[PDB]
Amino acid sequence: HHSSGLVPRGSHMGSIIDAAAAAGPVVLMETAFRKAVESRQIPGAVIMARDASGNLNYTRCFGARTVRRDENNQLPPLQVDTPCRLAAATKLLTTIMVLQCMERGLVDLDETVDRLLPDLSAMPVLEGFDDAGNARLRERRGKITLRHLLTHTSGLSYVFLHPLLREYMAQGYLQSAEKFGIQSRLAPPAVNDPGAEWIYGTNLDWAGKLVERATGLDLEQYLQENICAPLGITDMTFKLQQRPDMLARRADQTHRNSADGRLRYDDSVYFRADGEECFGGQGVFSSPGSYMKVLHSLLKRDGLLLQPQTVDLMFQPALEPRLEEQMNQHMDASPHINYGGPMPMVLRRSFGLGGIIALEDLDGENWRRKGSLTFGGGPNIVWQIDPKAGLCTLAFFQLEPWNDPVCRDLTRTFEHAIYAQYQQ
């Protein structure tokens, strides 16, 4: 029988295997993250999941915030409070700032942009190039509204994505615009008329300008007063170079080389120069912890950033049938871009305000539900908010390029496990 004064534990091999039950989905998933760091497939990752009740408050950090060894020859850890490059995960923040302007009566979503953005309204549409080889520009048909900007239906694209714009740069129309190695996000012409199609573009850079002009504040100040302050965030900024405490702790960017699949240090412009102006499309540096505070507040509908009914607006399908059909066609045919990250390659989607909306359950009752909102950022950052499931999640890496198979697979494994164990 048992030893006097001591707790009755397992006393031989058979009864020690029994005393602890088998490994659940979350434990197994954590092992997969640890192995991916151990085998040098990723530098590191932070994964986080929350529900509204507080019963789910899960944060795990794996690996390093860089591939460069520090002053003690160690690889410093990626932490929940490590300042990271958000890239397009900034777009959700800028969307929130716009909606706050709407709430305070500074703007109307269906108002034309001409009043606050006459510089955008004046820009032509690039229709193509004649056989002579010169640019064929024309006047826009219809007006861009704020809701066009928030839903990426304005006609704006990104130079690095659209062939017409790539040829536009090639012909030498966009050389004088850039500063400190970062491209002038505002110079290129539009490639369609507003309302014509869903096109991923510089819409939130323009929406950020609109906020600055409507409020009389620069985006950094507006961010601090209206997103950071009410959530107690002190770690979220457009102006990393002016925050020496964040600078000393920041993640380095890592890039996976096409050839040998090896990880290398990525010495890119965004970490050694702020520029002068805040870009609402891609400019924010923040910790995963601070970002989760935003997601969680939206999930809770706690009124700290926006009124519950304004938040509900973000999750409503914004596109009419023709646009919804065209967006789905484009996304299904573009797995090389993969806007939806871990989501199935073929899925019925729409766009809300702030991200892609799933119009059907991803896998019945096993994973994300209809009505869930999602987007991401370049360095394999993925966020989602799932009101019907009562969960929000984020997977933060600092690894380019976007849509890295190892990161996507780990992200899927993380979400699947959390849903399997904790979705209510």
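Residue positions are given as counts along the sequence shown, with the first one as 1.
Mean CA temperature factor is higher for 263-271 when stretches 105-113 and 263-271 are set side by side in the entry.
When 56-64 is weighed against 22-30, 22-30 comes out higher, by mean CA B-factor as recorded in the entry. In the deposited coordinates, the residue among 332, 205, 119, 167 with the greatest CA B-factor is 167. Within the listed group 71, 324, 81, 277, the record reports its top CA B-factor for 277. Placement of the Cα temperature factor of residue 355 within the chain: lowest third of the modelled residues, per the deposited record. In the PDB entry, residue 221 places in the middle third of its chain by CA B-factor. Annotation for residue 199: C-alpha temperature factor in the lowest third relative to the rest of the modelled chain, per the entry. In this PDB entry, residue 309 carries a Cα temperature factor that places it within the middle third of its chain's modelled residues. When the modelled residues of the chain are ordered by their C-alpha B factor, residue 421 lands in the lowest third.
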